[PDB]
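Shown here: start_20.cif, mmCIF, C-alpha atoms.
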```cif
data_target
#
loop_
_atom_site.label_atom_id
_atom_site.label_comp_id
_atom_site.auth_asym_id
_atom_site.auth_seq_id
_atom_site.Cartn_x
_atom_site.Cartn_y
_atom_site.Cartn_z
CA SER A 8 -3.65 24.09 29.62
CA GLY A 9 -1.49 26.44 27.53
CA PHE A 10 1.97 27.43 26.26
CA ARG A 11 5.01 27.81 28.50
CA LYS A 12 6.82 31.19 28.59
CA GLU A 13 10.15 29.57 27.68
CA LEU A 14 8.70 27.90 24.62
CA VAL A 15 7.15 31.16 23.44
CA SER A 16 10.38 33.09 24.08
CA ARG A 17 12.39 30.59 22.05
CA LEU A 18 9.81 30.70 19.26
CA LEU A 19 9.95 34.51 19.11
CA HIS A 20 13.76 34.77 19.28
CA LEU A 21 13.96 32.34 16.36
CA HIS A 22 12.71 35.06 14.02
CA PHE A 23 14.01 38.38 15.38
CA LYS A 24 16.24 40.04 12.75
CA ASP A 25 18.35 41.86 15.35
CA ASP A 26 20.28 40.37 18.29
CA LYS A 27 19.54 43.38 20.49
CA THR A 28 15.83 42.60 20.34
CA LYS A 29 14.40 41.44 23.65
CA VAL A 30 10.93 40.79 25.07
CA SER A 31 9.66 42.10 28.38
CA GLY A 32 8.22 39.75 30.97
CA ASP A 33 4.71 41.13 30.65
CA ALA A 34 4.80 41.11 26.87
CA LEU A 35 5.86 37.46 26.98
CA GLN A 36 3.04 36.54 29.30
CA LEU A 37 0.70 38.33 26.90
CA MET A 38 2.11 36.44 23.93
CA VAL A 39 1.40 33.20 25.79
CA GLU A 40 -2.27 34.22 25.95
CA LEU A 41 -2.35 35.45 22.36
CA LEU A 42 -1.03 32.16 21.01
CA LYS A 43 -3.59 30.23 23.05
CA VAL A 44 -6.47 32.30 21.61
CA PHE A 45 -5.06 31.80 18.11
CA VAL A 46 -5.04 28.02 18.47
CA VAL A 47 -8.47 27.94 20.16
CA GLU A 48 -9.96 30.11 17.41
CA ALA A 49 -8.60 27.82 14.73
CA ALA A 50 -10.14 24.86 16.57
CA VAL A 51 -13.53 26.43 17.29
CA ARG A 52 -13.93 27.78 13.75
CA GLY A 53 -12.91 24.40 12.38
CA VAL A 54 -15.67 22.77 14.42
CA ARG A 55 -18.33 25.29 13.31
CA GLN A 56 -17.36 24.57 9.71
CA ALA A 57 -17.58 20.81 10.30
CA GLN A 58 -21.02 21.33 11.89
CA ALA A 59 -22.15 23.51 8.96
CA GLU A 60 -21.14 20.78 6.49
CA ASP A 61 -22.63 18.20 8.79
CA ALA A 62 -19.34 16.31 9.09
CA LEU A 63 -18.44 13.62 11.61
CA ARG A 64 -15.20 15.24 12.68
CA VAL A 65 -12.96 18.16 11.74
CA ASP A 66 -10.84 17.14 8.76
CA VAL A 67 -8.17 19.23 7.05
CA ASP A 68 -10.69 20.16 4.34
CA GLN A 69 -12.90 21.90 6.87
CA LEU A 70 -9.92 23.54 8.51
CA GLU A 71 -8.61 25.04 5.28
CA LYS A 72 -11.92 26.77 4.68
CA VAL A 73 -11.60 28.88 7.81
CA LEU A 74 -7.88 29.75 7.66
CA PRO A 75 -8.03 32.73 5.29
CA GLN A 76 -10.42 34.62 7.57
CA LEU A 77 -8.59 33.45 10.68
CA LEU A 78 -5.33 34.89 9.35
CA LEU A 79 -7.02 38.20 8.54
CA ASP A 80 -8.22 38.46 12.15
CA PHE A 81 -4.66 37.95 13.36
CA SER B 8 -3.90 57.31 -14.28
CA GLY B 9 -4.36 57.18 -10.50
CA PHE B 10 -5.89 58.68 -7.33
CA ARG B 11 -5.87 62.38 -6.49
CA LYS B 12 -4.31 63.48 -3.19
CA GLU B 13 -7.48 65.29 -2.13
CA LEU B 14 -9.58 62.18 -2.65
CA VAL B 15 -7.15 60.09 -0.63
CA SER B 16 -6.97 62.69 2.15
CA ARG B 17 -10.75 62.82 2.48
CA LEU B 18 -10.90 59.02 2.43
CA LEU B 19 -8.37 58.77 5.26
CA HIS B 20 -9.89 61.54 7.42
CA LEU B 21 -13.25 59.76 7.19
CA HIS B 22 -11.93 57.06 9.52
CA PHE B 23 -9.52 58.75 11.90
CA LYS B 24 -10.75 58.33 15.50
CA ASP B 25 -9.09 61.54 16.69
CA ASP B 26 -9.48 65.07 15.31
CA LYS B 27 -5.83 65.93 15.98
CA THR B 28 -4.75 63.27 13.50
CA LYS B 29 -3.15 64.67 10.36
CA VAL B 30 -1.23 63.28 7.39
CA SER B 31 2.05 64.69 6.09
CA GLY B 32 2.37 65.64 2.42
CA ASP B 33 4.85 62.89 1.65
CA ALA B 34 2.80 60.26 3.47
CA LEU B 35 -0.24 61.31 1.45
CA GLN B 36 1.67 61.01 -1.80
CA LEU B 37 2.77 57.55 -0.68
CA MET B 38 -0.81 56.60 0.13
CA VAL B 39 -1.78 57.59 -3.39
CA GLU B 40 0.76 55.07 -4.67
CA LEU B 41 -0.18 52.38 -2.19
CA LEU B 42 -3.87 52.56 -3.16
CA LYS B 43 -2.98 52.33 -6.84
CA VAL B 44 -0.91 49.18 -6.25
CA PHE B 45 -3.76 47.69 -4.21
CA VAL B 46 -6.25 48.20 -7.03
CA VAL B 47 -3.84 46.99 -9.71
CA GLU B 48 -3.02 43.83 -7.72
CA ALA B 49 -6.70 43.03 -7.31
CA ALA B 50 -7.17 43.49 -11.07
CA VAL B 51 -4.07 41.52 -12.12
CA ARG B 52 -4.77 38.60 -9.77
CA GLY B 53 -8.36 38.56 -10.95
CA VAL B 54 -7.16 38.17 -14.51
CA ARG B 55 -4.68 35.40 -13.68
CA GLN B 56 -7.54 33.56 -11.95
CA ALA B 57 -9.78 34.02 -15.00
CA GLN B 58 -6.98 32.70 -17.23
CA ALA B 59 -6.43 29.70 -14.92
CA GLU B 60 -10.15 28.85 -15.12
CA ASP B 61 -10.05 29.60 -18.82
CA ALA B 62 -12.83 32.19 -18.51
CA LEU B 63 -13.87 34.79 -21.09
CA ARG B 64 -13.69 37.72 -18.70
CA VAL B 65 -13.12 38.46 -15.03
CA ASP B 66 -16.39 37.83 -13.20
CA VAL B 67 -17.05 38.40 -9.50
CA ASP B 68 -16.62 34.65 -8.93
CA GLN B 69 -12.99 34.80 -10.12
CA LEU B 70 -12.39 37.94 -8.11
CA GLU B 71 -13.61 36.48 -4.82
CA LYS B 72 -11.14 33.62 -5.15
CA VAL B 73 -8.14 35.94 -4.94
CA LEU B 74 -9.34 38.39 -2.28
CA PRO B 75 -8.41 36.42 0.83
CA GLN B 76 -4.76 36.23 -0.20
CA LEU B 77 -4.80 39.83 -1.48
CA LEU B 78 -6.03 41.06 1.91
CA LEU B 79 -3.34 39.10 3.69
CA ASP B 80 -0.69 40.78 1.54
CA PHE B 81 -2.07 44.20 2.55
CA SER C 14 17.28 19.25 16.19
CA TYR C 15 16.48 22.69 17.61
CA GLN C 16 13.44 23.64 15.53
CA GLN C 17 12.07 20.09 15.58
CA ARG C 18 12.10 20.25 19.36
CA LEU C 19 10.26 23.58 19.35
CA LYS C 20 7.75 22.24 16.83
CA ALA C 21 7.10 19.08 18.79
CA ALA C 22 6.55 21.18 21.92
CA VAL C 23 4.11 23.40 20.05
CA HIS C 24 2.37 20.29 18.70
CA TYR C 25 1.97 18.88 22.19
CA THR C 26 0.26 22.03 23.48
CA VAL C 27 -1.93 22.37 20.37
CA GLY C 28 -3.02 18.78 20.96
CA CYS C 29 -4.03 19.53 24.53
CA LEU C 30 -5.85 22.70 23.56
CA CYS C 31 -7.71 20.97 20.74
CA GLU C 32 -8.68 18.11 22.99
CA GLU C 33 -10.21 20.57 25.44
CA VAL C 34 -12.25 22.02 22.58
CA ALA C 35 -13.26 18.57 21.29
CA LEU C 36 -14.67 17.90 24.76
CA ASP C 37 -16.45 21.23 25.12
CA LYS C 38 -17.98 20.90 21.67
CA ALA C 39 -18.59 17.15 21.47
CA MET C 40 -16.74 17.09 18.15
CA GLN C 41 -13.45 15.35 17.31
CA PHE C 42 -10.38 16.49 15.35
CA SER C 43 -8.50 14.24 12.97
CA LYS C 44 -4.83 13.77 13.77
CA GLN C 45 -4.00 15.55 10.51
CA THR C 46 -6.05 18.58 11.54
CA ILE C 47 -4.27 18.87 14.88
CA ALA C 48 -0.96 18.67 13.02
CA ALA C 49 -2.07 21.39 10.58
CA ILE C 50 -3.04 23.75 13.40
CA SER C 51 0.34 23.02 14.94
CA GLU C 52 2.31 23.90 11.80
CA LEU C 53 0.07 26.95 11.44
CA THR C 54 0.75 28.08 14.99
CA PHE C 55 4.46 27.65 14.39
CA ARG C 56 4.34 29.77 11.21
CA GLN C 57 2.23 32.38 12.99
CA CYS C 58 4.99 32.94 15.53
CA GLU C 59 7.23 34.17 12.74
CA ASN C 60 4.72 36.90 11.80
CA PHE C 61 4.09 37.77 15.45
CA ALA C 62 7.84 37.93 16.12
CA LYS C 63 8.69 40.05 13.09
CA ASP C 64 5.78 42.45 13.69
CA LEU C 65 6.57 42.80 17.38
CA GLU C 66 10.16 43.71 16.51
CA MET C 67 9.11 46.29 13.90
CA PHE C 68 6.54 47.77 16.26
CA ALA C 69 9.15 48.08 18.96
CA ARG C 70 11.69 49.83 16.77
CA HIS C 71 8.96 52.03 15.31
CA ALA C 72 8.70 53.46 18.83
CA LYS C 73 12.53 53.42 18.89
CA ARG C 74 12.74 50.58 21.42
CA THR C 75 14.76 47.37 21.32
CA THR C 76 12.66 45.59 23.92
CA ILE C 77 9.11 44.60 23.04
CA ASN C 78 6.39 45.66 25.47
CA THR C 79 2.70 45.03 26.01
CA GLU C 80 1.73 47.95 23.76
CA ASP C 81 3.49 46.16 20.93
CA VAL C 82 1.51 43.04 21.81
CA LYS C 83 -1.79 44.94 21.92
CA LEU C 84 -0.99 46.36 18.49
CA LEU C 85 -0.78 42.76 17.32
CA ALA C 86 -4.43 42.38 18.32
CA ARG C 87 -5.52 45.69 16.78
CA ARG C 88 -7.48 44.14 13.88
CA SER C 89 -10.44 42.64 15.73
CA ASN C 90 -12.39 44.45 18.46
CA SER C 91 -13.15 41.30 20.43
CA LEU C 92 -9.50 40.24 20.28
CA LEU C 93 -8.12 43.63 21.30
CA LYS C 94 -10.59 43.58 24.17
CA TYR C 95 -9.60 40.08 25.28
CA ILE C 96 -5.89 40.90 25.04
CA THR C 97 -6.31 44.20 26.87
CA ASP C 98 -8.20 42.39 29.63
CA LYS C 99 -5.39 39.86 30.00
CA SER C 100 -2.71 42.60 30.06
CA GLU C 101 -4.30 44.38 33.01
CA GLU C 102 -4.63 41.10 34.83
CA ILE C 103 -0.90 40.60 34.18
CA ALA C 104 0.01 44.12 35.34
CA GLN C 105 -2.00 43.25 38.46
CA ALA C 106 0.39 40.48 39.52
CA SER D 14 -24.23 62.62 0.06
CA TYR D 15 -20.66 62.86 1.28
CA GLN D 16 -19.68 59.21 1.30
CA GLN D 17 -21.53 58.48 -1.94
CA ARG D 18 -19.46 61.19 -3.58
CA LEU D 19 -16.22 59.70 -2.25
CA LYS D 20 -17.31 56.22 -3.35
CA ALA D 21 -18.25 57.37 -6.86
CA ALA D 22 -14.85 59.08 -7.13
CA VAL D 23 -13.09 55.89 -6.04
CA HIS D 24 -15.23 53.90 -8.50
CA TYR D 25 -14.22 56.17 -11.36
CA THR D 26 -10.51 55.70 -10.72
CA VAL D 27 -10.88 51.95 -10.15
CA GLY D 28 -12.66 51.82 -13.50
CA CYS D 29 -9.76 53.57 -15.20
CA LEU D 30 -7.16 51.38 -13.54
CA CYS D 31 -9.00 48.20 -14.38
CA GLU D 32 -9.44 49.28 -17.99
CA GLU D 33 -5.67 49.82 -18.30
CA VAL D 34 -5.18 46.27 -17.01
CA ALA D 35 -7.83 44.82 -19.34
CA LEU D 36 -5.87 46.32 -22.22
CA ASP D 37 -2.44 45.17 -21.05
CA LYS D 38 -3.78 41.66 -20.45
CA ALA D 39 -6.29 41.31 -23.29
CA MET D 40 -8.90 40.25 -20.74
CA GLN D 41 -12.14 42.04 -19.81
CA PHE D 42 -13.76 42.77 -16.44
CA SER D 43 -17.50 42.50 -15.86
CA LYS D 44 -19.11 45.71 -14.58
CA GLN D 45 -19.91 43.87 -11.35
CA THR D 46 -16.24 42.97 -10.82
CA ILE D 47 -15.14 46.57 -11.24
CA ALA D 48 -17.79 47.61 -8.74
CA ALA D 49 -16.59 44.93 -6.31
CA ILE D 50 -13.00 46.13 -6.48
CA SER D 51 -14.31 49.62 -5.88
CA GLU D 52 -16.22 48.70 -2.73
CA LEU D 53 -13.15 46.73 -1.70
CA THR D 54 -10.83 49.66 -2.18
CA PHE D 55 -13.16 51.87 -0.19
CA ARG D 56 -13.30 49.40 2.74
CA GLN D 57 -9.52 49.00 2.56
CA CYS D 58 -9.05 52.73 3.21
CA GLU D 59 -10.70 52.29 6.60
CA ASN D 60 -8.09 49.69 7.54
CA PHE D 61 -5.23 51.80 6.15
CA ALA D 62 -6.55 54.88 7.92
CA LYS D 63 -7.01 53.22 11.30
CA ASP D 64 -3.65 51.45 11.14
CA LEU D 65 -1.82 54.62 10.08
CA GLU D 66 -3.30 56.45 13.05
CA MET D 67 -2.34 53.72 15.54
CA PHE D 68 1.16 53.46 14.08
CA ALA D 69 1.57 57.22 14.40
CA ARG D 70 0.47 57.34 18.02
CA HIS D 71 2.53 54.25 18.77
CA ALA D 72 5.51 56.49 17.93
CA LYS D 73 3.79 59.24 19.98
CA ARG D 74 2.99 61.36 16.90
CA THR D 75 -0.32 62.88 15.79
CA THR D 76 0.79 63.33 12.23
CA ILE D 77 1.25 60.28 10.04
CA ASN D 78 4.54 60.00 8.16
CA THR D 79 6.09 57.83 5.47
CA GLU D 80 7.46 55.40 8.05
CA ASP D 81 3.87 54.74 9.10
CA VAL D 82 3.01 54.17 5.45
CA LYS D 83 5.95 51.79 4.96
CA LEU D 84 4.82 49.83 8.02
CA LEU D 85 1.55 49.36 6.13
CA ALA D 86 3.51 47.53 3.42
CA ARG D 87 5.56 45.49 5.89
CA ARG D 88 3.87 42.13 5.14
CA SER D 89 5.13 41.47 1.61
CA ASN D 90 8.78 41.91 0.54
CA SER D 91 7.91 42.95 -3.02
CA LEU D 92 5.37 45.48 -1.73
CA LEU D 93 7.70 46.91 0.92
CA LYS D 94 10.32 47.26 -1.80
CA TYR D 95 7.94 48.96 -4.27
CA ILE D 96 6.66 51.34 -1.58
CA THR D 97 10.16 52.16 -0.37
CA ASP D 98 11.19 52.91 -3.96
CA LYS D 99 8.27 55.29 -4.37
CA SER D 100 9.00 57.04 -1.05
CA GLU D 101 12.56 57.94 -2.02
CA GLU D 102 11.31 59.16 -5.39
CA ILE D 103 8.88 61.35 -3.40
CA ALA D 104 11.56 62.61 -1.01
CA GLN D 105 13.50 63.47 -4.20
CA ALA D 106 10.97 66.09 -5.37
#
```

Target format C-alpha cells, applied to this file:
Amino acid sequence: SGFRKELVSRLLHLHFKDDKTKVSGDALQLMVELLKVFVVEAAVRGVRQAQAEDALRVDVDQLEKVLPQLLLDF
Amino acid sequence: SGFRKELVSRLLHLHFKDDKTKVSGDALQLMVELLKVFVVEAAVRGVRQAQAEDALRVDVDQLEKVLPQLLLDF
Amino acid sequence: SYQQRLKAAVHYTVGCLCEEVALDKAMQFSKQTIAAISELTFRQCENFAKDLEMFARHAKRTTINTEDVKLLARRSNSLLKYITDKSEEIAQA
Amino acid sequence: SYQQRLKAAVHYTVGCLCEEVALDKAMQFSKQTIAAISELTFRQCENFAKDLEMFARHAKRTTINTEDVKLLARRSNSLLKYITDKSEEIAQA
C-alpha cells in the first residue's frame, strides 16, 4: 500500500510558483516514499500517545499532541 | 542591542561538518540580524502567552507553550 | 472539483496506510483522526512542493532531483538515512 | 571552557534583548525563562549552521552567502520579508 506517482505529481504541481518547474522521475518516486513515511509516522506516534494516555483508540486529541514535533522532523 | 559578528561566527563554525566551510561577511551580518529576530520573537510570543493566561510575568511554562510554533517558523 | 478529487485520493491512501498500522499495533483510529492525518498530508505537500522548487532553483535548476528530495529529509538522521536508502534502490532500477 | 564561554556570551545578549522587550511590553521575564531562551538560541545556531552549510554545498559552494541565509527564512512570509529588507540594507553599506 502507498501513494501513486500521478497523485503525488498532481499534488506537487498544485503548489509550484513557476510553470517551468518540473520533477524528475526518480525524485517523484522518492516523494512517493517520503509521503508514505510522513503518514506512517503520524499514525505510529498517534498510537504511542494513545498508549501513553491509556486510551482505547487514537482520537484527534491524541493526534494533536504529536503534530508539533512531527512537523519539526519534516 | 544585539549579537556581535565574532560571537555569531564562532557559534556557526562550532557546527560546520567541513573545515573548508566559510561564511561571507554579508551573510554573517545577516545571521546577526536573523538571530536577533529569533530571540525577540521568542520573547514577544512568550509575553503574549503570559498576557493570554493573565500571568504576572513570563515563566518557563508560558514559554514552552509557544516554542513548537516558533521552531516551525524558523 | 479538482482539489476535492486529489484530497479524496489522498484520504483513501491515508486510510489504507492507517489501517495497516492499526493492524500491526492492535490499536484503532477514529474516523476523525484518519481524516485529520489526510488533511495534514495534503497541507504537507504544499510545503514539500514549495521547498523542492526553491531548492532546485537554489542550484539553478528548473527540474527537481533526488538531491532536492534528500534535502527535504535533512532534519532527522533516521529520515535522511531511510530516504537515502530508498533513493539508491530507485537508482538501481 | 570554550562552549561555556560562547553560551555565557549568548546568555548575556539574550538577557539584554529580553529586558528591552520587558520594558516595551510592561511584562517581566523570570530568570529561568531568560535562561531557557538562551539555551534555545544556542541550540538553534546548530540548526542554522548545518542548514547553511548544506544549502551552500547544494549550490556547489563552500562559502555561505546571503541567499543561503534567505533560504533559512523561507518558511514565513513576514520573516523572509524582514530578512530580505535587512540584506539589501547590508548590501547598501

Name the residues that the PyMOL selection byres ((chain B and resi 69-71) around 7) picks from the file above, as a PyMOL selection string, using the file's chain letters and numbers. (chain B and resi 53+56-57+65-68+72-74) or (chain D and resi 46)

Extract, using only C-alpha atoms, all DNA, RNA and protein residues at most 10 Å from residue D:99, discarding same-chain residues fewer than 5 positions from it, and format them as a list in words.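 Here the qualifying residues turn out to be residues 36, 37, 40 and 41 of chain B; 93, 94, 104 and 105 of chain D.
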
Report the closest atom pair, with its distance in Å rounded to one decimal, for each residue of chain B that has an atom no farther than 8 Å from chain A; count only C-alpha atoms, sort by chain and then rising residue number, and write it as a tab-separated table.
```
residue	atom	partner	partner_atom	distance
B:75	CA	A:75	CA	5.8
B:76	CA	A:75	CA	7.3
B:78	CA	A:79	CA	7.3
B:79	CA	A:79	CA	6.2
```

Could you name the residues that touch residue D:20 at 8 Å or less, counting all atoms listed in the file, but leaving out those on the same chain fewer than 4 positions away, as a ChimeraX atom specification? /D:16,24,51-52,55

Result of fitting chain D to chain C over every paired C-alpha, as a compact mmCIF listing (two decimals) with C-alpha atoms, in the coordinates of the input:
```txt
# COMPACT_ATOMS: atom_id res chain seq x y z
CA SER D 14 17.30 19.33 16.14
CA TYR D 15 16.46 22.71 17.59
CA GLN D 16 13.45 23.64 15.51
CA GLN D 17 12.06 20.10 15.56
CA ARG D 18 12.12 20.28 19.34
CA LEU D 19 10.27 23.61 19.34
CA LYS D 20 7.74 22.27 16.83
CA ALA D 21 7.11 19.08 18.82
CA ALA D 22 6.58 21.22 21.93
CA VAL D 23 4.10 23.42 20.07
CA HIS D 24 2.38 20.30 18.71
CA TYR D 25 1.97 18.89 22.21
CA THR D 26 0.25 22.01 23.51
CA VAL D 27 -1.91 22.37 20.38
CA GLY D 28 -2.97 18.77 20.95
CA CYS D 29 -4.00 19.55 24.51
CA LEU D 30 -5.87 22.69 23.53
CA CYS D 31 -7.69 20.98 20.71
CA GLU D 32 -8.67 18.08 22.96
CA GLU D 33 -10.21 20.53 25.46
CA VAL D 34 -12.24 21.99 22.59
CA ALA D 35 -13.28 18.56 21.28
CA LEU D 36 -14.68 17.86 24.73
CA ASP D 37 -16.46 21.19 25.15
CA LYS D 38 -17.98 20.86 21.68
CA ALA D 39 -18.58 17.11 21.47
CA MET D 40 -16.74 17.08 18.15
CA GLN D 41 -13.47 15.31 17.28
CA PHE D 42 -10.39 16.46 15.36
CA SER D 43 -8.53 14.21 12.94
CA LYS D 44 -4.83 13.77 13.77
CA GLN D 45 -4.02 15.56 10.51
CA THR D 46 -6.08 18.60 11.54
CA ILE D 47 -4.29 18.88 14.86
CA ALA D 48 -0.98 18.67 13.03
CA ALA D 49 -2.12 21.38 10.61
CA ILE D 50 -3.04 23.76 13.41
CA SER D 51 0.35 23.03 14.92
CA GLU D 52 2.28 23.92 11.77
CA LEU D 53 0.02 26.95 11.49
CA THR D 54 0.74 28.10 15.01
CA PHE D 55 4.45 27.69 14.41
CA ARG D 56 4.35 29.78 11.20
CA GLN D 57 2.21 32.38 12.97
CA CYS D 58 4.96 32.95 15.55
CA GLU D 59 7.24 34.16 12.77
CA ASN D 60 4.70 36.83 11.84
CA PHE D 61 4.10 37.78 15.49
CA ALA D 62 7.83 37.89 16.15
CA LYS D 63 8.70 40.02 13.13
CA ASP D 64 5.80 42.41 13.70
CA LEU D 65 6.60 42.79 17.41
CA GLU D 66 10.18 43.70 16.52
CA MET D 67 9.15 46.28 13.91
CA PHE D 68 6.55 47.78 16.24
CA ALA D 69 9.17 48.07 18.97
CA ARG D 70 11.71 49.81 16.76
CA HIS D 71 8.98 51.98 15.29
CA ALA D 72 8.71 53.39 18.83
CA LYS D 73 12.55 53.43 18.91
CA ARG D 74 12.76 50.59 21.46
CA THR D 75 14.78 47.36 21.34
CA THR D 76 12.66 45.64 23.92
CA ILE D 77 9.13 44.62 23.04
CA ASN D 78 6.39 45.68 25.45
CA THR D 79 2.69 45.04 26.00
CA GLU D 80 1.73 47.96 23.77
CA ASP D 81 3.51 46.16 20.93
CA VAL D 82 1.55 43.04 21.81
CA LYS D 83 -1.76 44.94 21.89
CA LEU D 84 -0.97 46.38 18.45
CA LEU D 85 -0.79 42.75 17.31
CA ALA D 86 -4.44 42.37 18.32
CA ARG D 87 -5.51 45.68 16.77
CA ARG D 88 -7.48 44.15 13.87
CA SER D 89 -10.43 42.62 15.73
CA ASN D 90 -12.40 44.46 18.46
CA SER D 91 -13.17 41.29 20.43
CA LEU D 92 -9.52 40.23 20.28
CA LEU D 93 -8.17 43.66 21.26
CA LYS D 94 -10.61 43.61 24.16
CA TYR D 95 -9.63 40.09 25.30
CA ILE D 96 -5.92 40.91 25.04
CA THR D 97 -6.33 44.20 26.87
CA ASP D 98 -8.21 42.39 29.65
CA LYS D 99 -5.39 39.88 30.00
CA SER D 100 -2.72 42.61 30.05
CA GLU D 101 -4.27 44.43 33.01
CA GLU D 102 -4.64 41.11 34.82
CA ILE D 103 -0.90 40.63 34.16
CA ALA D 104 0.02 44.14 35.32
CA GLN D 105 -1.99 43.25 38.45
CA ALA D 106 0.40 40.47 39.54
```

Spatial neighbours of residue D:71, 10 Å, only C-alpha atoms, chain gap at least 2 places, as an MDAnalysis selection string: (chainID C and resid 68:69 71:72 80:81 84) or (chainID D and resid 65:69 73:75 81)

Pick out the closest residue to chain A from this set: C:98, C:42, C:57, C:87. Count all atoms listed in the file.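 Among the listed residues, the smallest separation from chain A belongs to C:42.
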
Which polymer residues have any atom within 8 Å of an atom of residue B:12, counting only C-alpha atoms, with same-chain residues fewer than 3 positions away left out, as a list in words?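 Final neighbour list, sorted by chain and number: residues 15, 16, 35, 36 and 39 of chain B.
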
Could you tell me which of D:92, D:23, D:41, D:56 comes closest to chain B if we count all atoms listed in the file? D:41

Pull out every residue that the PyMOL selection byres ((chain D) within 6 of (chain B)) matches in the shown coordinates and put them as a count of residues only. 14

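For the atom pair formed by atom CA of residue D:28 and atom CA of residue D:47, the distance is 6.2 Å, given to one decimal.
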
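Taking atom CA of residue C:22 and atom CA of residue C:54 as endpoints, the distance between them is 11.4 Å.
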
Pairwise distance, atom CA of residue D:38 with atom CA of residue D:85, equals 28.2 Å

For a quick check of understanding, using all atoms listed in the file, which of D:53, D:19, D:86, D:35 has the smallest distance to chain C?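 Smallest distance to chain C is found for D:86.
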
Looking at D:83, D:14, D:25, D:31, which one is nearest to chain C, with distances taken over only C-alpha atoms?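 Among the listed residues, D:83 lies closest to chain C.
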
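Checking D:82, D:48, D:27, D:39 one by one against chain C, counting only C-alpha atoms, you find the shortest gap at D:82.
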
Counting all atoms listed in the file, the residue among D:60, D:17, D:45, D:91 that lies closest to chain C is D:60
